[PDB]
file final_15.cif (mmCIF, C-alpha atoms and all ligand atoms; chains and numbers go by the auth columns)
data_entry
#
loop_
_atom_site.group_PDB
_atom_site.id
_atom_site.type_symbol
_atom_site.label_atom_id
_atom_site.label_comp_id
_atom_site.label_asym_id
_atom_site.label_seq_id
_atom_site.Cartn_x
_atom_site.Cartn_y
_atom_site.Cartn_z
_atom_site.B_iso_or_equiv
_atom_site.auth_seq_id
_atom_site.auth_asym_id
ATOM 1 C CA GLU A 1 26.009 74.408 29.612 0.00 30 A
ATOM 2 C CA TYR A 2 27.180 78.012 29.433 0.00 31 A
ATOM 3 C CA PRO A 3 30.909 77.712 30.027 0.00 32 A
ATOM 4 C CA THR A 4 32.240 78.752 33.407 0.00 33 A
ATOM 5 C CA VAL A 5 35.496 80.271 34.505 0.00 34 A
ATOM 6 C CA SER A 6 37.036 76.984 35.659 0.00 35 A
ATOM 7 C CA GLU A 7 36.392 75.374 32.283 0.00 36 A
ATOM 8 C CA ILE A 8 38.311 77.822 30.084 0.00 37 A
ATOM 9 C CA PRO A 9 42.103 77.975 30.439 0.00 38 A
ATOM 10 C CA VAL A 10 43.550 81.446 29.944 0.00 39 A
ATOM 11 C CA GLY A 11 44.296 81.741 26.241 0.00 40 A
ATOM 12 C CA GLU A 12 41.324 79.723 25.032 0.00 41 A
ATOM 13 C CA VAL A 13 37.983 81.059 23.818 0.00 42 A
ATOM 14 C CA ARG A 14 34.571 79.429 23.767 0.00 43 A
ATOM 15 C CA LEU A 15 31.587 80.373 21.604 0.00 44 A
ATOM 16 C CA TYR A 16 28.039 79.949 22.842 0.00 45 A
ATOM 17 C CA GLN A 17 24.983 80.119 20.636 0.00 47 A
ATOM 18 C CA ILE A 18 22.377 82.430 22.148 0.00 48 A
ATOM 19 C CA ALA A 19 19.970 82.607 19.187 0.00 49 A
ATOM 20 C CA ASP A 20 20.141 82.191 15.418 0.00 50 A
ATOM 21 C CA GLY A 21 23.004 84.357 14.243 0.00 51 A
ATOM 22 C CA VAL A 22 23.925 85.515 17.777 0.00 52 A
ATOM 23 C CA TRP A 23 26.757 84.157 19.886 0.00 53 A
ATOM 24 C CA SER A 24 28.615 85.143 22.960 0.00 54 A
ATOM 25 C CA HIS A 25 32.343 84.655 23.197 0.00 55 A
ATOM 26 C CA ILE A 26 33.812 83.671 26.527 0.00 56 A
ATOM 27 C CA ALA A 27 37.427 84.036 27.562 0.00 57 A
ATOM 28 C CA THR A 28 39.369 84.193 30.809 0.00 58 A
ATOM 29 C CA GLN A 29 42.067 86.508 32.058 0.00 59 A
ATOM 30 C CA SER A 30 43.998 87.351 35.190 0.00 60 A
ATOM 31 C CA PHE A 31 43.314 90.620 36.950 0.00 61 A
ATOM 32 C CA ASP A 32 44.225 91.717 40.442 0.00 62 A
ATOM 33 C CA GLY A 33 45.455 88.218 41.367 0.00 63 A
ATOM 34 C CA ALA A 34 42.479 86.162 40.187 0.00 64 A
ATOM 35 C CA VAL A 35 41.158 84.837 36.895 0.00 66 A
ATOM 36 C CA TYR A 36 37.770 86.010 35.655 0.00 67 A
ATOM 37 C CA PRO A 37 35.605 84.993 32.768 0.00 68 A
ATOM 38 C CA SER A 38 34.606 87.697 30.288 0.00 69 A
ATOM 39 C CA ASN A 39 31.885 87.798 27.631 0.00 70 A
ATOM 40 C CA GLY A 40 31.472 89.572 24.352 0.00 71 A
ATOM 41 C CA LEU A 41 29.056 89.186 21.433 0.00 72 A
ATOM 42 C CA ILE A 42 29.151 88.055 17.816 0.00 73 A
ATOM 43 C CA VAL A 43 26.271 88.954 15.534 0.00 74 A
ATOM 44 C CA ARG A 44 25.663 87.860 11.992 0.00 75 A
ATOM 45 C CA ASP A 45 25.786 90.901 9.701 0.00 76 A
ATOM 46 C CA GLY A 46 24.616 89.500 6.394 0.00 77 A
ATOM 47 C CA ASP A 47 27.622 87.576 5.058 0.00 78 A
ATOM 48 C CA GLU A 48 29.934 89.175 7.615 0.00 79 A
ATOM 49 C CA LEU A 49 30.214 89.140 11.380 0.00 80 A
ATOM 50 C CA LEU A 50 30.003 92.059 13.770 0.00 81 A
ATOM 51 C CA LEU A 51 32.104 91.603 16.915 0.00 82 A
ATOM 52 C CA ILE A 52 31.233 93.285 20.215 0.00 83 A
ATOM 53 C CA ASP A 53 34.308 93.584 22.421 0.00 84 A
ATOM 54 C CA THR A 54 37.675 91.903 22.424 0.00 85 A
ATOM 55 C CA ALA A 55 38.382 88.724 24.373 0.00 86 A
ATOM 56 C CA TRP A 56 40.419 90.615 27.003 0.00 87 A
ATOM 57 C CA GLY A 57 43.895 90.643 25.578 0.00 88 A
ATOM 58 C CA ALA A 58 45.827 90.050 22.400 0.00 89 A
ATOM 59 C CA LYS A 59 46.397 86.303 22.851 0.00 90 A
ATOM 60 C CA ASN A 60 42.762 85.683 23.702 0.00 91 A
ATOM 61 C CA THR A 61 41.559 87.862 20.856 0.00 92 A
ATOM 62 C CA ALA A 62 43.684 85.897 18.408 0.00 93 A
ATOM 63 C CA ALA A 63 42.132 82.699 19.789 0.00 94 A
ATOM 64 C CA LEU A 64 38.713 84.270 19.361 0.00 95 A
ATOM 65 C CA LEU A 65 39.321 84.916 15.682 0.00 96 A
ATOM 66 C CA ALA A 66 40.585 81.362 15.212 0.00 97 A
ATOM 67 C CA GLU A 67 37.537 79.899 16.930 0.00 98 A
ATOM 68 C CA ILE A 68 35.225 82.041 14.800 0.00 99 A
ATOM 69 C CA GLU A 69 36.927 80.848 11.625 0.00 100 A
ATOM 70 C CA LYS A 70 36.720 77.206 12.764 0.00 102 A
ATOM 71 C CA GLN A 71 33.126 77.237 13.984 0.00 103 A
ATOM 72 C CA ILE A 72 31.362 79.916 11.892 0.00 104 A
ATOM 73 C CA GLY A 73 33.670 80.584 8.968 0.00 105 A
ATOM 74 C CA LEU A 74 32.442 84.071 8.126 0.00 106 A
ATOM 75 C CA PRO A 75 34.752 87.083 8.282 0.00 107 A
ATOM 76 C CA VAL A 76 34.691 89.481 11.189 0.00 109 A
ATOM 77 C CA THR A 77 34.637 92.819 9.386 0.00 110 A
ATOM 78 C CA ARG A 78 33.760 95.288 12.162 0.00 111 A
ATOM 79 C CA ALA A 79 34.227 95.381 15.924 0.00 112 A
ATOM 80 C CA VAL A 80 32.781 97.723 18.546 0.00 113 A
ATOM 81 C CA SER A 81 34.392 98.238 21.950 0.00 114 A
ATOM 82 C CA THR A 82 31.849 99.108 24.645 0.00 115 A
ATOM 83 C CA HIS A 83 34.264 100.958 26.917 0.00 116 A
ATOM 84 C CA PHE A 84 37.938 101.818 27.248 0.00 117 A
ATOM 85 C CA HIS A 85 39.226 99.175 29.640 0.00 118 A
ATOM 86 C CA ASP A 86 41.361 96.231 28.589 0.00 119 A
ATOM 87 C CA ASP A 87 38.564 93.624 28.668 0.00 120 A
ATOM 88 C CA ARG A 88 36.971 95.565 25.803 0.00 121 A
ATOM 89 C CA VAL A 89 39.815 97.128 23.806 0.00 122 A
ATOM 90 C CA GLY A 90 42.681 94.788 24.702 0.00 123 A
ATOM 91 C CA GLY A 91 43.158 92.918 21.428 0.00 124 A
ATOM 92 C CA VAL A 92 42.146 95.736 19.101 0.00 125 A
ATOM 93 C CA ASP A 93 45.576 95.742 17.478 0.00 126 A
ATOM 94 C CA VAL A 94 45.177 92.010 16.714 0.00 127 A
ATOM 95 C CA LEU A 95 41.764 92.707 15.224 0.00 128 A
ATOM 96 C CA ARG A 96 43.147 95.446 13.009 0.00 129 A
ATOM 97 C CA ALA A 97 46.057 93.245 11.922 0.00 130 A
ATOM 98 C CA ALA A 98 43.541 90.627 10.872 0.00 131 A
ATOM 99 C CA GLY A 99 41.666 93.185 8.735 0.00 133 A
ATOM 100 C CA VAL A 100 38.879 94.093 11.160 0.00 134 A
ATOM 101 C CA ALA A 101 37.659 97.734 11.210 0.00 135 A
ATOM 102 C CA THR A 102 37.536 98.694 14.902 0.00 136 A
ATOM 103 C CA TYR A 103 35.089 101.222 16.356 0.00 137 A
ATOM 104 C CA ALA A 104 34.265 102.973 19.603 0.00 138 A
ATOM 105 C CA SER A 105 32.754 106.235 20.693 0.00 139 A
ATOM 106 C CA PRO A 106 34.981 109.329 20.644 0.00 140 A
ATOM 107 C CA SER A 107 34.921 109.253 24.440 0.00 141 A
ATOM 108 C CA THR A 108 36.032 105.624 24.563 0.00 142 A
ATOM 109 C CA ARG A 109 38.827 106.301 22.068 0.00 143 A
ATOM 110 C CA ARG A 110 40.093 109.302 24.053 0.00 144 A
ATOM 111 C CA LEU A 111 39.878 107.478 27.378 0.00 145 A
ATOM 112 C CA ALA A 112 41.700 104.443 25.940 0.00 146 A
ATOM 113 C CA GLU A 113 44.460 106.762 24.723 0.00 147 A
ATOM 114 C CA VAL A 114 44.789 108.425 28.138 0.00 148 A
ATOM 115 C CA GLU A 115 44.879 105.015 29.825 0.00 149 A
ATOM 116 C CA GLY A 116 47.612 103.672 27.528 0.00 150 A
ATOM 117 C CA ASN A 117 45.276 101.086 26.100 0.00 165 A
ATOM 118 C CA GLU A 118 44.734 100.090 22.508 0.00 166 A
ATOM 119 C CA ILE A 119 42.653 102.559 20.534 0.00 167 A
ATOM 120 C CA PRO A 120 39.896 101.529 18.119 0.00 168 A
ATOM 121 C CA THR A 121 40.386 103.212 14.757 0.00 169 A
ATOM 122 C CA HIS A 122 36.999 104.662 13.964 0.00 170 A
ATOM 123 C CA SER A 123 34.666 106.910 15.940 0.00 171 A
ATOM 124 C CA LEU A 124 30.994 106.120 16.425 0.00 172 A
ATOM 125 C CA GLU A 125 28.899 109.238 16.086 0.00 173 A
ATOM 126 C CA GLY A 126 25.574 109.912 17.754 0.00 174 A
ATOM 127 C CA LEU A 127 26.268 108.469 21.210 0.00 175 A
ATOM 128 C CA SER A 128 27.507 111.401 23.285 0.00 176 A
ATOM 129 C CA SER A 129 24.401 112.005 25.426 0.00 177 A
ATOM 130 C CA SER A 130 22.654 109.652 27.852 0.00 178 A
ATOM 131 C CA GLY A 131 19.717 107.981 26.093 0.00 179 A
ATOM 132 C CA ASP A 132 21.308 108.206 22.654 0.00 180 A
ATOM 133 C CA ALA A 133 20.920 105.196 20.365 0.00 181 A
ATOM 134 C CA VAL A 134 22.282 104.430 16.892 0.00 182 A
ATOM 135 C CA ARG A 135 21.919 101.560 14.486 0.00 183 A
ATOM 136 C CA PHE A 136 25.095 99.690 13.620 0.00 184 A
ATOM 137 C CA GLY A 137 24.262 96.927 11.169 0.00 185 A
ATOM 138 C CA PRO A 138 22.284 94.208 12.992 0.00 186 A
ATOM 139 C CA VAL A 139 22.471 95.852 16.395 0.00 187 A
ATOM 140 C CA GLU A 140 21.497 99.013 18.179 0.00 188 A
ATOM 141 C CA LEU A 141 24.176 100.709 20.270 0.00 189 A
ATOM 142 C CA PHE A 142 22.913 102.596 23.311 0.00 190 A
ATOM 143 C CA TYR A 143 24.648 104.993 25.680 0.00 191 A
ATOM 144 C CA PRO A 144 22.715 104.674 28.987 0.00 192 A
ATOM 145 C CA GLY A 145 24.813 107.193 30.902 0.00 193 A
ATOM 146 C CA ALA A 146 27.771 106.739 33.209 0.00 194 A
ATOM 147 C CA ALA A 147 27.822 103.503 35.133 0.00 195 A
ATOM 148 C CA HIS A 148 30.681 101.007 35.198 0.00 196 A
ATOM 149 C CA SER A 149 32.527 103.737 33.281 0.00 197 A
ATOM 150 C CA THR A 150 31.564 107.156 31.954 0.00 198 A
ATOM 151 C CA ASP A 151 31.734 105.902 28.344 0.00 199 A
ATOM 152 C CA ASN A 152 30.044 102.537 28.628 0.00 200 A
ATOM 153 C CA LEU A 153 27.757 101.330 25.838 0.00 201 A
ATOM 154 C CA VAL A 154 25.223 98.540 25.767 0.00 202 A
ATOM 155 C CA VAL A 155 24.161 96.610 22.690 0.00 203 A
ATOM 156 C CA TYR A 156 20.778 95.253 21.651 0.00 204 A
ATOM 157 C CA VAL A 157 20.073 92.732 18.879 0.00 205 A
ATOM 158 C CA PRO A 158 16.471 93.496 18.008 0.00 209 A
ATOM 159 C CA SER A 159 15.880 90.475 15.792 0.00 210 A
ATOM 160 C CA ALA A 160 16.840 88.186 18.689 0.00 211 A
ATOM 161 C CA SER A 161 15.818 90.268 21.731 0.00 215 A
ATOM 162 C CA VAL A 162 19.353 89.933 23.098 0.00 216 A
ATOM 163 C CA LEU A 163 20.749 92.695 25.326 0.00 217 A
ATOM 164 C CA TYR A 164 24.496 92.753 25.962 0.00 218 A
ATOM 165 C CA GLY A 165 25.252 94.901 28.991 0.00 219 A
ATOM 166 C CA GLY A 166 29.041 94.802 28.965 0.00 220 A
ATOM 167 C CA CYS A 167 30.549 95.598 32.330 0.00 221 A
ATOM 168 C CA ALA A 168 27.583 97.788 33.347 0.00 222 A
ATOM 169 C CA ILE A 169 25.527 94.630 34.021 0.00 223 A
ATOM 170 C CA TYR A 170 26.557 92.030 36.583 0.00 224 A
ATOM 171 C CA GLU A 171 25.838 88.323 36.610 0.00 225 A
ATOM 172 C CA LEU A 172 23.318 87.159 39.190 0.00 226 A
ATOM 173 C CA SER A 173 25.845 85.266 41.327 0.00 227 A
ATOM 174 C CA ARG A 174 28.119 88.314 41.686 0.00 228 A
ATOM 175 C CA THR A 175 27.533 90.043 45.001 0.00 229 A
ATOM 176 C CA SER A 176 30.405 92.525 44.908 0.00 230 A
ATOM 177 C CA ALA A 177 31.753 95.074 42.456 0.00 231 A
ATOM 178 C CA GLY A 178 35.413 94.463 43.150 0.00 232 A
ATOM 179 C CA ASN A 179 37.541 97.166 41.632 0.00 233 A
ATOM 180 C CA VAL A 180 35.475 100.321 41.058 0.00 234 A
ATOM 181 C CA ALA A 181 38.185 102.474 39.521 0.00 235 A
ATOM 182 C CA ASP A 182 36.638 104.745 36.859 0.00 236 A
ATOM 183 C CA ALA A 183 33.072 103.863 37.862 0.00 237 A
ATOM 184 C CA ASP A 184 30.324 106.386 38.550 0.00 238 A
ATOM 185 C CA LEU A 185 28.542 104.606 41.390 0.00 239 A
ATOM 186 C CA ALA A 186 26.169 107.523 41.943 0.00 240 A
ATOM 187 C CA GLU A 187 24.870 107.526 38.351 0.00 241 A
ATOM 188 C CA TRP A 188 24.969 103.784 37.759 0.00 242 A
ATOM 189 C CA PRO A 189 21.434 103.014 39.033 0.00 243 A
ATOM 190 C CA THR A 190 20.022 105.827 36.917 0.00 244 A
ATOM 191 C CA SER A 191 21.811 104.495 33.848 0.00 245 A
ATOM 192 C CA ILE A 192 20.398 101.013 34.563 0.00 246 A
ATOM 193 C CA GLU A 193 16.883 102.433 34.695 0.00 247 A
ATOM 194 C CA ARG A 194 17.488 103.950 31.252 0.00 248 A
ATOM 195 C CA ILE A 195 18.405 100.511 29.896 0.00 249 A
ATOM 196 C CA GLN A 196 15.232 99.042 31.390 0.00 250 A
ATOM 197 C CA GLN A 197 13.135 101.843 29.873 0.00 251 A
ATOM 198 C CA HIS A 198 14.619 101.389 26.381 0.00 252 A
ATOM 199 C CA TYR A 199 14.758 97.564 26.221 0.00 253 A
ATOM 200 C CA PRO A 200 11.865 96.215 28.270 0.00 254 A
ATOM 201 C CA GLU A 201 11.344 93.408 25.761 0.00 255 A
ATOM 202 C CA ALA A 202 14.831 91.899 26.157 0.00 256 A
ATOM 203 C CA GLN A 203 14.634 88.110 26.539 0.00 257 A
ATOM 204 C CA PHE A 204 18.339 87.369 27.003 0.00 258 A
ATOM 205 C CA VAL A 205 20.659 89.634 28.992 0.00 259 A
ATOM 206 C CA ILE A 206 24.391 89.012 28.724 0.00 260 A
ATOM 207 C CA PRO A 207 26.526 90.509 31.509 0.00 261 A
ATOM 208 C CA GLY A 208 30.101 91.561 30.896 0.00 262 A
ATOM 209 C CA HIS A 209 31.363 88.675 33.004 0.00 263 A
ATOM 210 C CA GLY A 210 29.536 85.483 33.862 0.00 264 A
ATOM 211 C CA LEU A 211 26.285 83.714 33.173 0.00 265 A
ATOM 212 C CA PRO A 212 23.450 85.023 30.970 0.00 277 A
ATOM 213 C CA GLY A 213 20.173 85.921 32.625 0.00 278 A
ATOM 214 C CA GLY A 214 17.143 88.074 32.042 0.00 279 A
ATOM 215 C CA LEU A 215 16.148 91.627 32.833 0.00 280 A
ATOM 216 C CA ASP A 216 16.412 90.592 36.479 0.00 281 A
ATOM 217 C CA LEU A 217 20.148 91.268 36.146 0.00 282 A
ATOM 218 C CA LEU A 218 19.415 95.006 35.971 0.00 283 A
ATOM 219 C CA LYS A 219 17.865 95.271 39.433 0.00 284 A
ATOM 220 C CA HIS A 220 20.480 92.831 40.712 0.00 285 A
ATOM 221 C CA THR A 221 23.323 95.040 39.480 0.00 286 A
ATOM 222 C CA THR A 222 21.693 98.113 41.014 0.00 287 A
ATOM 223 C CA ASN A 223 21.436 96.288 44.346 0.00 288 A
ATOM 224 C CA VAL A 224 25.136 95.354 44.262 0.00 289 A
ATOM 225 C CA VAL A 225 26.197 98.856 43.220 0.00 290 A
ATOM 226 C CA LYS A 226 24.054 100.561 45.891 0.00 291 A
ATOM 227 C CA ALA A 227 25.350 98.104 48.507 0.00 292 A
ATOM 228 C CA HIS A 228 28.875 99.165 47.620 0.00 293 A
ATOM 229 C CA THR A 229 27.727 102.818 47.753 0.00 294 A
ATOM 230 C CA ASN A 230 26.215 102.064 51.185 0.00 295 A
HETATM 231 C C1 LIG B . 39.712 94.908 32.953 0.00 1 B
HETATM 232 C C2 LIG B . 39.454 95.437 34.323 0.00 1 B
HETATM 233 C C3 LIG B . 40.033 96.847 34.516 0.00 1 B
HETATM 234 O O1 LIG B . 38.028 95.497 34.582 0.00 1 B
HETATM 235 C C4 LIG B . 37.493 94.252 35.056 0.00 1 B
HETATM 236 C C5 LIG B . 36.084 94.488 35.474 0.00 1 B
HETATM 237 N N1 LIG B . 35.024 94.391 34.702 0.00 1 B
HETATM 238 N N2 LIG B . 33.880 94.655 35.381 0.00 1 B
HETATM 239 N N3 LIG B . 34.275 94.907 36.649 0.00 1 B
HETATM 240 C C6 LIG B . 35.606 94.834 36.728 0.00 1 B
HETATM 241 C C7 LIG B . 36.424 95.107 38.003 0.00 1 B
HETATM 242 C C8 LIG B . 35.878 94.287 39.166 0.00 1 B
HETATM 243 S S1 LIG B . 36.700 92.678 39.247 0.00 1 B
HETATM 244 O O2 LIG B . 36.788 92.247 40.629 0.00 1 B
HETATM 245 O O3 LIG B . 38.028 92.719 38.800 0.00 1 B
HETATM 246 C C9 LIG B . 35.774 91.585 38.240 0.00 1 B
HETATM 247 C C10 LIG B . 36.149 91.454 36.923 0.00 1 B
HETATM 248 C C11 LIG B . 35.408 90.606 36.095 0.00 1 B
HETATM 249 C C12 LIG B . 34.338 89.943 36.612 0.00 1 B
HETATM 250 C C13 LIG B . 33.988 90.085 37.925 0.00 1 B
HETATM 251 C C14 LIG B . 34.722 90.946 38.757 0.00 1 B
HETATM 252 O O O B . 36.529 96.637 32.701 0.00 2 B
HETATM 253 ZN ZN ZN B . 35.878 98.422 32.861 0.00 3 B
HETATM 254 ZN ZN ZN B . 34.733 93.938 32.723 0.00 4 B
#
call {"tool": "encode", "arguments": {"input": "final_15.cif", "output": "structure tokens"}}
result
Amino acid sequence: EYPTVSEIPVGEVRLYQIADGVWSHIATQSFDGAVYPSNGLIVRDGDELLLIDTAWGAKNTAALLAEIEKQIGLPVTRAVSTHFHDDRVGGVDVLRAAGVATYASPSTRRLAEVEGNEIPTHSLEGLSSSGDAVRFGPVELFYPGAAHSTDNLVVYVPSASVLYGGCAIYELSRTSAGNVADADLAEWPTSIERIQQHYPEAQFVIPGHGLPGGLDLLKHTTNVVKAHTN
């Protein structure tokens, strides 16, 4: 009963319980003539909530905050954007206006600025080299190397064995990349292998768009990427 793209009108946000204190958020948005679902994460951080990624736009992100207040009722105090594109930073200004401290790597912040996208306020240190990991409250942030973008991060919730791949990990049903602007197709498989190496215990893998799966999504994504490359 994970919600699917046809079930969520653009502007609405669903929450899905993955594990105790771990949710995904699911929203929908138009891009390149079609509407796509998009996932982010919500993780309990003591009495606060940590948000991973916006809901792909200001309107959706406002709906996300409203749904969180309705269903969970704890304040979102920090947010991390996992790369610079609009499905991850679009809505940052809404978050800030609501009192959320927004974060991204220096690279993500710079790239968002260059792109004309919203810019998270605070820089995350310790993530500039492939294989780098840092703790951020109840999650670990990991830079696997260039893949979907040069700056992309993935997020692991060690208490729940949940790995959120962002746009670097594809859902199982997805057999094409679509738009590959800003991707590093040549490095992407290598970056995936780094994720596998670091999180071999992951029980739930959440792609950037679409249905949750397991670690099988890693090899699947590599296959799709290579098949584009070929
Ligand atoms: C925000 C935008 C610049 O990036 C969207 C994106 N995120 N990950 N890949 C893509 C581009 C391929 S897509 O065909 O538009 C696609 C989108 C989502 C789900 C499946 C397929
Ligand atoms: O994206
Ligand atoms: Zn992207
Ligand atoms: Zn995406």
call {"tool": "residues_around", "arguments": {"input": "final_15.cif", "residues": "stretch 115-125 of chain A", "least_positions_apart": "3", "cutoff": "7 Å", "atoms": "all atoms listed in the file", "output": "PyMOL selection string"}}
result
chain A and resi 84-89+92+128-129+136+138+142-143+145-146+165-168+199-202+220
call {"tool": "closest_residue", "arguments": {"input": "final_15.cif", "among": "A:281, A:149, A:36, A:247", "to": "ligand LIG 1 (chain B)", "atoms": "only C-alpha atoms and all ligand atoms"}}
result
A:149
call {"tool": "atom_distance", "arguments": {"input": "final_15.cif", "atom1": "atom CA of residue A:147", "atom2": "atom CA of residue A:82"}}
result
21.1 Å
call {"tool": "atom_distance", "arguments": {"input": "final_15.cif", "atom1": "atom CA of residue A:242", "atom2": "atom CA of residue A:169"}}
result
27.7 Å
call {"tool": "residues_near_ligand", "arguments": {"input": "final_15.cif", "ligand": "ligand LIG 1 (chain B)", "cutoff": "9 Å", "atoms": "all atoms listed in the file", "output": "JSON, numbers by chain"}}
result
{"A": [59, 60, 61, 62, 64, 66, 67, 68, 69, 87, 118, 119, 120, 121, 123, 196, 220, 221, 222, 223, 224, 225, 228, 230, 231, 232, 233, 234, 235, 236, 262, 263, 264]}
call {"tool": "resolve_selection", "arguments": {"input": "final_15.cif", "expression": "the PyMOL selection byres (((chain A and resi 174-180) around 9) and not hetatm)", "output": "list in words"}}
result
residues 139, 140, 141, 172, 173, 181, 182, 189, 190, 191, 192, 193, 194, 199, 201, 245, 248, 249 and 252 of chain A
call {"tool": "build_atoms", "arguments": {"input": "final_15.cif", "residues": "stretch 39-52 of chain A", "atoms": "N, CA and C atoms", "output": "tab-separated table (two decimals), in the coordinates of the input"}}
result
chain	number	residue	atom	x	y	z
A	39	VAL	N	43.19	80.15	30.47
A	39	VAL	CA	43.55	81.45	29.94
A	39	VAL	C	44.27	81.22	28.63
A	40	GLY	N	43.79	81.89	27.59
A	40	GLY	CA	44.30	81.74	26.24
A	40	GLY	C	43.34	81.04	25.31
A	41	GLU	N	42.31	80.40	25.85
A	41	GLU	CA	41.32	79.72	25.03
A	41	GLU	C	40.04	80.52	25.00
A	42	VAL	N	39.25	80.34	23.95
A	42	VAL	CA	37.98	81.06	23.82
A	42	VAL	C	36.89	80.10	23.45
A	43	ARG	N	35.76	80.22	24.11
A	43	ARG	CA	34.57	79.43	23.77
A	43	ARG	C	33.54	80.30	23.07
A	44	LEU	N	32.74	79.70	22.20
A	44	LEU	CA	31.59	80.37	21.60
A	44	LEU	C	30.33	79.70	22.09
A	45	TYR	N	29.30	80.48	22.35
A	45	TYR	CA	28.04	79.95	22.84
A	45	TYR	C	26.92	80.53	22.02
A	47	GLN	N	26.11	79.66	21.43
A	47	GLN	CA	24.98	80.12	20.64
A	47	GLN	C	23.85	80.60	21.53
A	48	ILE	N	23.48	81.87	21.39
A	48	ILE	CA	22.38	82.43	22.15
A	48	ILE	C	21.06	82.34	21.38
A	49	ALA	N	21.13	82.58	20.07
A	49	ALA	CA	19.97	82.61	19.19
A	49	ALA	C	20.53	82.45	17.78
A	50	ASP	N	19.67	82.27	16.78
A	50	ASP	CA	20.14	82.19	15.42
A	50	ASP	C	20.93	83.45	15.10
A	51	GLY	N	22.16	83.26	14.66
A	51	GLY	CA	23.00	84.36	14.24
A	51	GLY	C	23.52	85.22	15.38
A	52	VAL	N	23.43	84.75	16.63
A	52	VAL	CA	23.92	85.52	17.78
A	52	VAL	C	24.66	84.59	18.72
